[PDB]
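A.B. asks: Kindly return the folded structure for what I paste below:
(one chain, ligands or ions: 1)
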Amino acid sequence: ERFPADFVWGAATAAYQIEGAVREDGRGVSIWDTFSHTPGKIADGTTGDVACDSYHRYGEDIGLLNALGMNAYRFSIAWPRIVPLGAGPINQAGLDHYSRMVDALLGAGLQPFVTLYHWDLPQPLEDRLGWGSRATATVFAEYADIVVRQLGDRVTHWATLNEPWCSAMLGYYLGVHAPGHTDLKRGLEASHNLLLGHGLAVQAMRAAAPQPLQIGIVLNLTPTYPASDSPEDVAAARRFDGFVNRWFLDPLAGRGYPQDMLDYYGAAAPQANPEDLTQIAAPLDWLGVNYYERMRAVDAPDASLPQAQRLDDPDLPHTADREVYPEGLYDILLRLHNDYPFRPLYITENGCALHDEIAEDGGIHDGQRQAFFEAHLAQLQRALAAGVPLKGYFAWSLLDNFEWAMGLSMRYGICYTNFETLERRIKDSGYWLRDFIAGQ
Ligand SMILES: *[C@H]1O[C@H](CO)[C@@H](O)[C@H](O)[C@H]1F
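C.D. replies: Numbers count the residues shown, from 1 in each chain. Shown next is the protein structure:
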């Protein structure tokens, strides 16, 4: 029934998805500015140029967090505002903005949980191969140092990267996210340099920190289940599990890259000398789990890598874009608790998209999103009962925002955003979360 008294209850955003003000106060160009302004890349012709205008309206966002009774806010810092050239001088005006934001959050009793990298790589670094270059890992660590020196007197909880699998595989292999390349070797090289940048940044942040910090990384994880017990289907499930989950979990845990995936990738695998792997395994103080769906895998030898296709379950509920399987959150947390060394754990992203509209009465009656939260929170109680060291939960997202290649057309907020007027309104699910948290 009851969560621990000191549990962290928050909502989460990312800078490019909400901030707007893309040319203000010295901000440089990110890969997502370039990508969203490329014809045909965004489903609805929108960009993040304005988004929720949270660069100017973060006070309203704080008012929403307060109205919801949250005690934490997970947000990201835009590297293009801090080091507009990617590698080069700092932009003090960008640091001052986030310093004021942090003070406003603390004044409201909200603990900041800061993500350093949520996909907005400075374009000048992509012009020099982006995450395909080891140099980008080095300058990411320099950026991390700069930010912790100025904000680490007030922010204790930091994550280096959000979802490196997406940055590497969607951005460099499948081409659906910025920068939009379509080359497997590039994607795997990017995955290595992202992990190396994480490891270098952890060490840089600890040396620059004015006080002890709690440093983590945030991974999207997908529990995978074979469609049958045949050797082919079980092997497909293992391959998909390696492709998404173990490729990142194992090196972070000091276990190297998984050998079965190295064999499967062959010559496309990155060159990883042991010195890099030692750096990648820098000790972490927590791990963030982003959880949305499961994968029920069937062998697909004709399909592209990793030759495993999803077996849709038409009996399960579906949102605007995903299948709902709350029990997979329990499964993945138990697996992490039993099989990997990371603890404590936070749920850093959990939420769903729906075709939300404002009803005649003025509210947003998003019953499926309420049911989504209720079902996933029940699985967290089961995980806690099993001894999983869970310390907090962040709903994705505080407000409807720019959903990457889907644009403004895919609403994940617990608050509704009118993109024409920038008004925010709490959805029914947000009031349910408020009242549930108040009961705790
Ligand atoms: C986690 O997934 C959500 C929904 O696709 C994205 O909006 C976040 O940026 C990502 F971190």
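
A.B. asks: alpha carbons only for contacts and neighbour counts from here, please
C.D. replies: Will do.

A.B. asks: Counting neighbours, what do you get for the residue nearest to residue 106 when sequence neighbours are not counted?
C.D. replies: Nearest non-adjacent residue to residue 106, counting by CA to CA, 6 or more residues apart in numbering: residue 112, 7.6 Å away. By the measure other CA atoms under 10 Å, the count of residues near residue 112 is 23.

A.B. asks: which residues in this protein form strands?
C.D. replies: 8-12, 72-76, 111-117, 157-162, 214-220, 224-226, 286-290, 295-299, 308-310, 345-350, 390-396, 415-417, 424-426 (DSSP state E).

A.B. asks: Take these and lay them out in a markdown table including distance to residue 151.
C.D. replies: Shown next, in a markdown table, are these (distance: least, CA to CA, whole Å):
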| stretch | distance to residue 151 |
| --- | --- |
| strand 8-12 | 19 |
| strand 72-76 | 13 |
| strand 111-117 | 10 |
| strand 157-162 | 10 |
| strand 214-220 | 13 |
| strand 224-226 | 39 |
| strand 286-290 | 19 |
| strand 295-299 | 39 |
| strand 308-310 | 43 |
| strand 345-350 | 21 |
| strand 390-396 | 21 |
| strand 415-417 | 28 |
| strand 424-426 | 28 |
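
A.B. asks: I'd like to know which of those is closest to residue 46.
C.D. replies: The closest of the strands of the chain to residue 46 is strand 415-417. By CA to CA, the value is 14.8 Å.

A.B. asks: which residues touch the closest one?
C.D. replies: Under the criterion CA atoms under 8 Å, 6 or more residues apart in numbering, residues 52, 356, 364, 398-401, 423-427, 430 lie in contact with strand 415-417.

A.B. asks: now with 10 Å?
C.D. replies: Applying CA atoms under 10 Å, 6 or more residues apart in numbering, the external contacts of strand 415-417 come out as 51-52, 61, 64-65, 68, 356-358, 363-364, 397-401, 408, 411, 422-431.

A.B. asks: so what's the most centrally placed residue in the chain bridging to?
C.D. replies: Central residue of the chain (CA atoms, centre = their mean): residue 162, 3.9 Å from the mean position. Per DSSP bridges, the residues bridged to residue 162 are residue 218.

A.B. asks: ok, it to residue 399 distance?
C.D. replies: 18 Å (CA to CA, to the nearest Å).

A.B. asks: got it, and residue 231?
C.D. replies: 44 Å.

A.B. asks: coming back round to it: right, so of the strands of the chain, which gets closest to residue 33?
C.D. replies: Comparing the strands of the chain by CA to CA, strand 111-117 comes nearest, at 15.3 Å.

A.B. asks: Give me the distance from that closest one to the chain's centre.
C.D. replies: Relative to the centre of its chain, strand 111-117 is centred 11 Å away, using CA atoms, centre = their mean, to the nearest Å.

A.B. asks: Pull out the buried positions in that strand.
C.D. replies: For strand 111-117, burial by neighbour count (16 or more other CA atoms under 10 Å) applies to 111, 112, 113, 114, 115, 116, 117.

A.B. asks: now stretch 294-314
C.D. replies: 294, 295, 296, 297, 298, 299, 300, 306, 307, 308, 309, 310.

A.B. asks: Any idea what residue 73 is bridged to?
C.D. replies: Counting by DSSP bridges, the residues bridging with residue 73 are residue 11, residue 112.

A.B. asks: Now for it: which residues touch it?
C.D. replies: 8-13, 61-62, 65, 105, 110-114, 394-395, 398.
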